[PDB]
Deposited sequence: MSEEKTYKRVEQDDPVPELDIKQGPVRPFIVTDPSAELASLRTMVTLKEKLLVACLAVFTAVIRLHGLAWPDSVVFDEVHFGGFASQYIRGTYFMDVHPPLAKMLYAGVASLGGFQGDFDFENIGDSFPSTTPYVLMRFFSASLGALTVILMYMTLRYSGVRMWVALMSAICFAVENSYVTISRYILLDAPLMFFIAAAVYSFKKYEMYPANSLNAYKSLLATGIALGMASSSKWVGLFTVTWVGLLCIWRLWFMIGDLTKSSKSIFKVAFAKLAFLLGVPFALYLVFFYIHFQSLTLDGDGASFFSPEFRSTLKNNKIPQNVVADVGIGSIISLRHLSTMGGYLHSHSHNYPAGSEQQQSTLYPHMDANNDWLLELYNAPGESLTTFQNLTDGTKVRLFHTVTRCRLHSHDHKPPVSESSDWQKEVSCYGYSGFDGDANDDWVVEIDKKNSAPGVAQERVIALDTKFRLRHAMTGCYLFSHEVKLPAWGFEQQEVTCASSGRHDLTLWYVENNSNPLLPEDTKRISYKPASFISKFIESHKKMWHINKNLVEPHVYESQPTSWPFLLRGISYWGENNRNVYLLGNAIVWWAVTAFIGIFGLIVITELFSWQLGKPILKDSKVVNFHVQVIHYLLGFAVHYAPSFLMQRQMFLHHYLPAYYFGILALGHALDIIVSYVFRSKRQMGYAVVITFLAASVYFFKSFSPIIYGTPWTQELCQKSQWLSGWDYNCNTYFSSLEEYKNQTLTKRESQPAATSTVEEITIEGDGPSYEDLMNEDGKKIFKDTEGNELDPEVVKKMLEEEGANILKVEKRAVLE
């Protein structure tokens, strides 16, 4: 199963070689017939357990509304925005359109029954099929990590029995393709471990680590943590290749450069290709691209973004300003008054085009000339609908009222009767963020980006991402701020028109979003929503409460049945019990090492500690950055780290069988068969919480071991017999 260590004598201290023989490749692959028979048997058992009773919850389940509805968005082609990279939603769109799905069903809210036009059981079959293949990848990953055959069989059956992966993979969720491609990344990298790192099999394993690793990174950004984990194991392996003296330096740089190329080139290539399929298939424009730039939207079909507006704007032109940084922007004023300050006409950001977004450019002092908007030309923004100027009296702000800066601006005045110096706005063109040419000097629509400074207060026109709830709902705030952010201060003009200009005027339109700017803008909205995704959710959890399996998340409640994600607790608590016991035993082997006693004698203990530093390090890199996030997160974010936890627990069962009971392996197989038997018992008792199959209430009360997990336990009937003589509602 595992060979003895091949250490050799260097010039200072002994060193370990890192070139496995072909015997190590033959011992840990499916070279026999009995092993292929047990992989086929585990594929039958897994394909029964992970795919039992499918389409019995025949309504939408937790976040199946999201990724199902987004799959519908990729089918219809109307653009949308989600926190995640496209591959494991566009992949459900390919499975859906492969199954005959034509949009036609907005996945609205949990409990909506599926019509018989949407293929969901085929999408559920894809999700639970990849959630079934990750079990067989855990077997093969474990055997490639160097593991007894039967203990990989019973640890991987113990993984097919794990409740949290049956729940998370059975439905239209994100962690099932994600977990398949993370499991294929550790699969292909542990296949790379056992090959002599120069042969063609090793580079095939690096390429499979590349496409699976970057196909995990392109499905959900926790795959980037698998890129980090693989990379830290590359620092491990390249460190021991430096430690090998029979390997030339050109060999170490060839493994390091090809390792770098297959393991950062191919993930970034596949990530960029999958975003190209994202941008190339999602071509229509809906309300999903409502907070994108108008050059982003210029690539989309059926636009309301204005094209061929008048470039050179003059004094006397009915114009419409648009805020640069905040996407929901227009200078907007309409006949509703403030609740605070001076209670005058309000100035807001309304993101859609109206006639109330219109403003005249008139001087402080309508002629027959075309006086251009030079840098420093003070103007008065005259709103043409409600007969008012733009006024910045020094009163209290509406909703950002706790502001020594950020002076409040309003709209009040009479044309010809009430025009004062406090309605002036000095146009100051920012010459850096404007594109060069004529637009850098004077104001060109869509091309320059100026800043309106108030001539009597010295403050600049300002807005940010805080709306107004009083009147004109879902409209942001216009202020007149000093020492506000220069990014949030930029304004530019679109949709301008004056009579003092011919009809043969050089128009201008947007530069429509080269693919790099499309990519970077889309990721700025990814990071912007992802950082600012704060909602009060009742099943929201805390990352230090994950490894103990308290207060799991709920999924579905209809017609006296429920679905609820709590993991296999006798596998969960043994995973994290082994995080504790392995931390304790590696501390006592450091202190027992340096204190004088010799550690790491037998090769099985060495490969145990090496592969549990590997797998424990996978637990560290997929769980510690979830502490470093100022956002909401649920129990299913622990679950990629819990895959490395059940790998390391696999090696724990291997060190129970293979080292501490070398003379009596019947007791090692006895410990593993009682652990597996208790695991399958925990699945069999908690099967009616996964599949949405009926319990009874007197056993649903008994099943709640911890009081922390709570899944509407009065939903069930008092007996299993009443479900047969029962009709079920459909929403």
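* Can you give me the gaps, meaning deposited-sequence stretches with no C-alpha coordinates, in sequence order? => Unobserved in coordinates, per deposited numbering: 1-14, 380-383, 750-817.
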